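Pasted below: work-v7.cif, mmCIF, C-alpha atoms.
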```
data_target
#
loop_
_atom_site.label_atom_id
_atom_site.label_comp_id
_atom_site.auth_asym_id
_atom_site.auth_seq_id
_atom_site.Cartn_x
_atom_site.Cartn_y
_atom_site.Cartn_z
CA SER N 1 95.19 92.22 92.63
CA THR N 2 93.73 95.68 92.26
CA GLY N 3 90.36 97.30 91.66
CA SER N 4 89.27 100.68 90.28
CA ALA N 5 85.72 102.08 90.18
CA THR N 6 84.23 105.44 89.29
CA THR N 7 82.23 107.18 92.01
CA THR N 8 79.55 109.71 91.01
CA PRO N 9 77.75 112.47 92.93
CA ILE N 10 74.09 111.60 93.61
CA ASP N 11 72.90 115.17 92.96
CA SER N 12 73.98 118.66 91.97
CA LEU N 13 75.23 119.42 95.50
CA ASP N 14 77.55 116.41 95.95
CA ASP N 15 75.40 115.30 98.91
CA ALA N 16 76.94 111.87 98.58
CA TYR N 17 78.70 109.65 96.06
CA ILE N 18 77.63 106.30 94.62
CA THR N 19 79.87 103.59 93.25
CA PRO N 20 78.62 100.50 91.36
CA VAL N 21 79.14 97.17 93.12
CA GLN N 22 78.52 93.69 91.72
CA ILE N 23 76.91 91.26 94.15
CA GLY N 24 76.08 87.62 93.58
CA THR N 25 76.05 85.18 90.68
CA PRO N 26 74.92 86.27 88.15
CA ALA N 27 75.96 89.74 89.15
CA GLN N 28 73.41 92.12 90.62
CA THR N 29 74.75 95.66 90.33
CA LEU N 30 73.83 98.06 93.11
CA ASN N 31 75.01 101.63 93.59
CA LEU N 32 76.50 101.90 97.04
CA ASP N 33 77.69 104.76 99.22
CA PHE N 34 81.33 104.00 100.12
CA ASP N 35 81.60 105.11 103.73
CA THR N 36 84.95 105.34 105.52
CA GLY N 37 83.00 106.24 108.67
CA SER N 38 81.25 102.89 109.11
CA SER N 39 81.94 99.19 108.66
CA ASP N 40 78.80 97.43 107.38
CA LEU N 41 78.09 96.55 103.77
CA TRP N 42 74.31 96.63 103.64
CA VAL N 43 71.81 96.72 100.82
CA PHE N 44 68.21 97.29 99.95
CA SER N 45 66.86 93.84 99.17
CA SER N 46 63.92 91.62 98.36
CA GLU N 47 63.53 91.36 102.15
CA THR N 48 63.12 95.10 102.72
CA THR N 49 59.62 96.15 103.86
CA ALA N 50 57.90 97.06 100.60
CA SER N 51 56.60 100.46 101.77
CA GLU N 52 60.21 101.41 102.63
CA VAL N 53 61.49 100.88 99.09
CA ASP N 54 60.97 103.79 96.68
CA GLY N 55 63.06 103.46 93.53
CA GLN N 56 66.16 101.73 94.87
CA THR N 57 67.70 98.75 93.14
CA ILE N 58 67.38 95.67 95.36
CA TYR N 59 69.55 92.64 95.98
CA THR N 60 67.61 89.38 95.71
CA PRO N 61 69.73 86.66 97.32
CA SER N 62 67.39 83.87 96.20
CA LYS N 63 68.47 84.63 92.61
CA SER N 64 72.17 84.35 93.45
CA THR N 65 73.66 80.86 93.22
CA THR N 66 76.55 81.85 95.48
CA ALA N 67 74.45 83.44 98.24
CA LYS N 68 74.32 81.60 101.58
CA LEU N 69 72.29 82.72 104.58
CA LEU N 70 74.56 83.35 107.53
CA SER N 71 72.58 81.40 110.10
CA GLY N 72 71.35 83.39 113.07
CA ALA N 73 73.15 86.58 112.08
CA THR N 74 71.48 89.96 112.34
CA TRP N 75 72.59 93.56 112.05
CA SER N 76 71.34 96.97 113.08
CA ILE N 77 73.03 100.31 112.66
CA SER N 78 72.30 103.93 113.55
CA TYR N 79 74.21 106.76 111.89
CA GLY N 80 75.27 110.13 113.29
CA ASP N 81 72.49 111.84 111.33
CA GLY N 82 69.82 109.74 113.05
CA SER N 83 69.13 107.39 110.15
CA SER N 84 69.10 103.62 110.68
CA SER N 85 68.60 100.22 109.07
CA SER N 86 68.62 96.58 110.13
CA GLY N 87 68.16 93.03 108.91
CA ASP N 88 69.79 89.66 108.29
CA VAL N 89 73.01 88.53 106.62
CA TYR N 90 74.18 86.55 103.62
CA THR N 91 77.62 85.75 102.37
CA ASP N 92 78.11 86.20 98.65
CA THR N 93 80.60 87.24 96.00
CA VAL N 94 81.19 90.98 95.86
CA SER N 95 83.28 92.77 93.20
CA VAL N 96 84.29 96.42 92.99
CA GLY N 97 85.88 97.66 89.80
CA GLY N 98 87.40 94.27 88.95
CA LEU N 99 88.42 93.26 92.48
CA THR N 100 86.55 90.24 93.80
CA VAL N 101 85.94 88.98 97.34
CA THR N 102 84.21 85.65 97.88
CA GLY N 103 82.37 85.03 101.16
CA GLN N 104 81.74 88.73 101.79
CA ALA N 105 79.07 89.48 104.42
CA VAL N 106 76.21 91.20 102.59
CA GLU N 107 73.82 92.66 105.10
CA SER N 108 70.29 92.56 103.72
CA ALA N 109 67.92 95.23 105.00
CA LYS N 110 64.55 94.23 106.39
CA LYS N 111 63.96 97.75 107.68
CA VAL N 112 65.33 101.15 106.71
CA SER N 113 64.56 104.62 108.08
CA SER N 114 62.72 107.26 106.10
CA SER N 115 65.79 109.14 104.94
CA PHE N 116 67.04 106.04 103.11
CA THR N 117 63.65 105.33 101.55
CA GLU N 118 63.42 108.94 100.40
CA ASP N 119 66.75 108.72 98.57
CA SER N 120 66.19 106.58 95.48
CA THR N 121 69.82 106.95 94.34
CA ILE N 122 71.51 105.03 97.16
CA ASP N 123 71.01 101.25 97.15
CA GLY N 124 73.03 100.71 100.32
CA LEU N 125 76.36 101.39 102.01
CA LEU N 126 79.80 99.83 101.72
CA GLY N 127 81.73 100.46 104.93
CA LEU N 128 85.47 101.11 104.86
CA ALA N 129 86.18 101.98 108.51
CA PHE N 130 87.71 99.32 110.74
CA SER N 131 85.99 95.97 111.17
CA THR N 132 85.76 96.48 114.93
CA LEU N 133 82.73 98.74 114.20
CA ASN N 134 80.82 96.09 112.23
CA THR N 135 77.39 95.55 113.77
CA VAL N 136 76.74 91.92 112.81
CA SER N 137 75.70 89.80 115.76
CA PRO N 138 76.52 87.36 117.28
CA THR N 139 79.57 86.99 115.01
CA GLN N 140 81.15 90.26 113.84
CA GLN N 141 81.97 90.36 110.11
CA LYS N 142 84.84 91.90 108.14
CA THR N 143 84.66 94.81 105.69
CA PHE N 144 85.24 94.37 101.97
CA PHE N 145 88.64 96.05 102.32
CA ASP N 146 89.61 93.79 105.22
CA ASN N 147 88.68 90.69 103.23
CA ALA N 148 90.53 91.90 100.11
CA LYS N 149 93.61 93.26 101.88
CA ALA N 150 95.88 90.23 101.71
CA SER N 151 95.25 89.73 97.99
CA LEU N 152 95.94 93.35 97.05
CA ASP N 153 99.23 94.42 95.50
CA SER N 154 99.51 96.92 98.36
CA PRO N 155 97.18 97.04 101.40
CA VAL N 156 95.64 100.40 100.56
CA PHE N 157 92.65 102.08 99.04
CA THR N 158 92.38 105.61 97.73
CA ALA N 159 89.56 108.12 97.51
CA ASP N 160 89.57 110.74 94.78
CA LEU N 161 86.19 112.45 95.00
CA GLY N 162 85.15 114.97 92.38
CA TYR N 163 83.70 118.45 92.81
CA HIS N 164 80.43 118.38 90.90
CA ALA N 165 82.03 115.59 88.86
CA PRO N 166 82.90 111.89 88.91
CA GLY N 167 85.93 110.61 90.78
CA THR N 168 87.58 107.30 91.61
CA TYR N 169 88.02 104.68 94.35
CA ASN N 170 91.11 102.53 93.81
CA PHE N 171 92.04 99.38 95.75
CA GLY N 172 95.53 97.98 95.98
CA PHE N 173 97.53 100.71 94.24
CA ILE N 174 98.34 104.43 94.25
CA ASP N 175 97.75 106.16 90.90
CA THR N 176 100.71 108.53 90.81
CA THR N 177 99.09 110.46 87.94
CA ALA N 178 96.06 111.34 90.08
CA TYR N 179 97.64 114.04 92.28
CA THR N 180 100.17 116.85 92.24
CA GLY N 181 103.25 117.16 94.44
CA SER N 182 103.78 114.51 97.09
CA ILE N 183 101.53 112.57 99.45
CA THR N 184 101.99 113.59 103.09
CA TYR N 185 101.27 110.77 105.49
CA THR N 186 99.98 111.31 109.01
CA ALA N 187 99.31 109.03 111.98
CA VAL N 188 95.99 107.23 112.55
CA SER N 189 94.36 106.09 115.75
CA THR N 190 92.03 103.12 115.29
CA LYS N 191 90.94 103.22 118.94
CA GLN N 192 87.40 104.32 118.00
CA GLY N 193 87.26 102.19 114.85
CA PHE N 194 87.64 105.22 112.56
CA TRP N 195 90.33 106.67 110.30
CA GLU N 196 91.07 109.18 113.04
CA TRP N 197 93.92 111.67 112.66
CA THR N 198 95.09 115.09 113.79
CA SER N 199 95.20 118.08 111.46
CA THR N 200 97.91 120.61 112.22
CA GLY N 201 95.76 123.70 111.74
CA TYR N 202 93.85 125.89 109.32
CA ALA N 203 93.61 129.11 107.39
CA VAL N 204 90.68 131.11 106.07
CA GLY N 205 91.08 132.53 102.60
CA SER N 206 94.42 134.28 102.25
CA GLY N 207 94.73 134.67 106.01
CA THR N 208 97.62 133.42 108.09
CA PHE N 209 97.80 129.78 109.08
CA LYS N 210 96.83 128.96 112.65
CA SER N 211 98.83 126.09 114.10
CA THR N 212 96.49 124.09 116.31
CA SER N 213 95.75 120.38 116.68
CA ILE N 214 92.38 119.27 115.33
CA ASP N 215 91.56 115.61 115.93
CA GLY N 216 88.95 114.21 113.56
CA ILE N 217 87.93 111.44 111.20
CA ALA N 218 88.30 111.08 107.46
CA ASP N 219 84.70 110.21 106.55
CA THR N 220 83.59 109.76 102.93
CA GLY N 221 80.05 109.09 104.16
CA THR N 222 79.54 112.55 105.63
CA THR N 223 78.79 115.40 103.22
CA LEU N 224 80.17 118.34 105.15
CA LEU N 225 83.21 119.52 107.09
CA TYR N 226 82.48 119.59 110.82
CA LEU N 227 85.02 121.48 112.94
CA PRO N 228 85.26 123.15 116.34
CA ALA N 229 83.04 126.18 116.90
CA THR N 230 85.99 128.57 117.18
CA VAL N 231 87.26 127.52 113.75
CA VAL N 232 83.87 127.64 112.10
CA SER N 233 83.14 131.06 113.56
CA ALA N 234 86.44 132.35 112.22
CA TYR N 235 85.50 131.11 108.74
CA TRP N 236 81.98 132.50 108.50
CA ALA N 237 83.07 135.82 110.00
CA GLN N 238 84.76 136.45 106.63
CA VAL N 239 81.45 136.13 104.77
CA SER N 240 79.26 139.22 104.90
CA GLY N 241 75.80 138.37 106.21
CA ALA N 242 76.63 134.84 107.29
CA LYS N 243 75.09 133.71 110.57
CA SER N 244 74.30 130.62 112.55
CA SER N 245 70.60 129.87 112.24
CA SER N 246 68.99 127.82 114.98
CA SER N 247 65.90 127.14 112.86
CA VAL N 248 67.92 125.95 109.87
CA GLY N 249 70.41 124.09 112.08
CA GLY N 250 73.70 125.65 111.07
CA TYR N 251 75.48 128.48 109.34
CA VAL N 252 73.74 130.03 106.39
CA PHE N 253 74.97 132.78 104.09
CA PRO N 254 73.62 135.02 101.34
CA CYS N 255 73.52 133.09 98.08
CA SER N 256 75.06 136.17 96.41
CA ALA N 257 78.32 135.74 98.38
CA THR N 258 81.67 134.69 97.02
CA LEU N 259 83.06 132.31 99.61
CA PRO N 260 86.67 132.27 100.80
CA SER N 261 88.73 129.11 100.61
CA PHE N 262 89.54 127.05 103.68
CA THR N 263 92.92 125.45 104.18
CA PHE N 264 93.67 122.54 106.51
CA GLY N 265 97.07 121.24 107.61
CA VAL N 266 98.40 117.72 107.16
CA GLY N 267 101.75 117.79 108.90
CA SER N 268 103.67 120.58 107.17
CA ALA N 269 101.51 120.24 104.04
CA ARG N 270 98.37 122.21 103.24
CA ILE N 271 95.14 121.20 101.48
CA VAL N 272 93.11 124.09 100.04
CA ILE N 273 89.34 123.75 99.81
CA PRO N 274 88.13 126.28 97.21
CA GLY N 275 85.31 128.53 98.40
CA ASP N 276 82.87 127.15 95.82
CA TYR N 277 83.13 123.70 97.51
CA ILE N 278 81.59 125.22 100.65
CA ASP N 279 78.36 126.36 98.91
CA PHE N 280 75.47 123.91 99.38
CA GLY N 281 72.80 126.04 97.77
CA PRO N 282 69.48 127.45 98.86
CA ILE N 283 68.12 126.26 102.22
CA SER N 284 64.78 125.66 100.51
CA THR N 285 63.78 125.92 96.88
CA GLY N 286 63.81 129.54 95.77
CA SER N 287 65.48 130.93 98.91
CA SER N 288 68.34 133.44 98.67
CA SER N 289 69.82 132.02 101.88
CA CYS N 290 72.33 129.24 101.25
CA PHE N 291 73.57 126.45 103.44
CA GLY N 292 77.22 126.40 104.47
CA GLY N 293 79.56 123.47 103.89
CA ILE N 294 81.60 124.09 107.03
CA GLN N 295 79.60 123.54 110.22
CA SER N 296 80.24 123.24 113.96
CA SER N 297 81.05 119.86 115.44
CA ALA N 298 79.92 120.98 118.89
CA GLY N 299 77.54 118.34 120.16
CA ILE N 300 78.65 115.80 117.55
CA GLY N 301 81.47 114.82 119.88
CA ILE N 302 84.02 114.54 117.10
CA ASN N 303 85.36 116.56 114.20
CA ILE N 304 84.55 115.16 110.76
CA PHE N 305 86.59 115.67 107.62
CA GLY N 306 83.74 114.79 105.28
CA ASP N 307 83.38 115.12 101.52
CA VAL N 308 83.83 118.93 101.50
CA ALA N 309 87.38 118.42 102.77
CA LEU N 310 88.21 115.07 101.18
CA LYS N 311 87.19 116.09 97.66
CA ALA N 312 89.90 118.77 97.72
CA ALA N 313 92.50 115.98 98.04
CA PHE N 314 93.76 112.68 96.85
CA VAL N 315 93.41 110.55 99.97
CA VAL N 316 95.27 107.33 100.80
CA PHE N 317 93.80 104.98 103.33
CA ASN N 318 96.84 102.86 104.20
CA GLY N 319 95.81 99.63 105.89
CA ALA N 320 99.31 98.45 106.70
CA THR N 321 99.89 96.80 110.08
CA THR N 322 100.13 100.32 111.47
CA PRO N 323 97.52 102.22 109.46
CA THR N 324 98.16 105.79 108.26
CA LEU N 325 96.42 108.39 106.10
CA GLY N 326 97.92 110.20 103.14
CA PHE N 327 96.83 113.48 101.58
CA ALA N 328 97.94 115.11 98.36
CA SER N 329 96.73 118.13 96.45
CA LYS N 330 95.33 117.41 92.97
#
```

Take the structure in the file and write it out as structure tokens.
Amino acid sequence: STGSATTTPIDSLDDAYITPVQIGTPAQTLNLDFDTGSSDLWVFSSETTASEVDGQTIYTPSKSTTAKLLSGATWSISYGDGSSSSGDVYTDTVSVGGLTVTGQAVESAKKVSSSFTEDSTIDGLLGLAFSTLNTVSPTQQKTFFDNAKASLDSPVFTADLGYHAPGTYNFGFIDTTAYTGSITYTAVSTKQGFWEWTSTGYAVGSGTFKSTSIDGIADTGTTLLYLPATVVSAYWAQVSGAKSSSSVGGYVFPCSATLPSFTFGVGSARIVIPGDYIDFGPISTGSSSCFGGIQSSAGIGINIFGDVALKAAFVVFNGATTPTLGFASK
């Protein structure tokens, strides 16, 4: 089997991407944030505290004839940005772009933190990291990809995120028309439950490539590119007036600037992030200071190849017995 679904930016900045997901019988369609940095499929629901719902579409398991309460099961997750959610668990039928999993754990939120409430466009998350990170207790549950894997034509999914435009998540096949050149594959460590890999270096604009190992995660659920302070400093040094602002919480730059590209290495291959992808707009409405899309990972504890980086590529998440990651230009 295969599946293919369009993923759409939630706003004019590409802060995140939503993909429609069918849950239950009859189908209830929710728009979920596919997140390769976590491993829980959770949704706003009829069980969510009413004051914590503000515009989201909810899953109502009582209206699904295939929903079953997973007795005694609870979940609770906290994300790197400080947001959180928690609740109970059902199993139900879940389909993405034509690909169906029966018995999928659907984690129904009883509580969500303010940042989720305040974002009416995201109805929940669909985790695509490794199932070892799944928070369901006392019996850990598998991700949608893990459940689908054996039925897929090939045990892979691909992320093709758009810049200010729709893109595609495919399951079970590689669309050879979706990228240019070849896909370069690189090793993955699953030791921390992530799609963790090592970039071979970087360049800023038309500058020379610096060969250096940068270990980090391919994370569709993080907006920005988080890299070591030395690298980030080297980038923003090429932008006149750019500085790290303690009050804003990162590098900012004059909105009148033309940003240089940023290149990252994947083995001997090179992925070029155009400068425009690094512009995240005014820090506050009407400001002429703009927020940067490349930020320091210091004090995160890990480098994160988030959407800023991933959207410059066609990305293969290869879930073979020994997982690997593939990157192509597009």

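Picture a line from CA of residue 216 (chain N) to CA of residue 13 (chain N); it runs 23.3 Å.
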
Quiz prompt | Ground truth for the PyMOL selection byres ((chain N and resi 230) around 12), written as a PyMOL selection string | solution = chain N and resi 202+210+212+214+226-229+231-237+294-298

Exercise. Pick out the closest residue to residue 77 (chain N) from this set: N:28, N:2, N:127, N:259. Count all atoms listed in the file.
Key: N:127

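In terms of minimum interatomic distance to residue 110 (chain N), N:43 ranks closest within N:248, N:271, N:43, N:312, counting all atoms listed in the file.
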
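Of the residues under consideration (N:221, N:275, N:181, N:207), N:221 shows the shortest atom-to-atom contact distance to residue 306 (chain N) when counting only C-alpha atoms.
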
Practice problem: Rank nothing, just name the residue among N:111, N:330, N:68, N:164 nearest to residue 42 (chain N), using only C-alpha atoms. | Solution: N:111

Exercise. Name the closest residue to residue 200 (chain N) among the candidates N:158, N:220, N:268, N:84; distances are taken between atoms, counting only C-alpha atoms.
Key: N:268

Exercise. Can you turn the PyMOL selection byres ((chain N and resi 167-174) around 10) into a concrete residue list for this file, as a ChimeraX atom specification?
Key: /N:1-9,17,19,34,96-99,145,148-166,175-179,311,314-318

Exercise. Have a look at CA of residue 64 (chain N) and CA of residue 108 (chain N) and let me know their distance in Å, one decimal.
Key: 13.3 Å

Exercise. Please provide the set of residues having any atom within 7 Å of residue 186 (chain N), restricted to all atoms listed in the file, with same-chain residues fewer than 2 positions apart removed, written as JSON, numbers by chain.
Key: {"N": [184, 188, 266, 267, 324, 325, 326]}
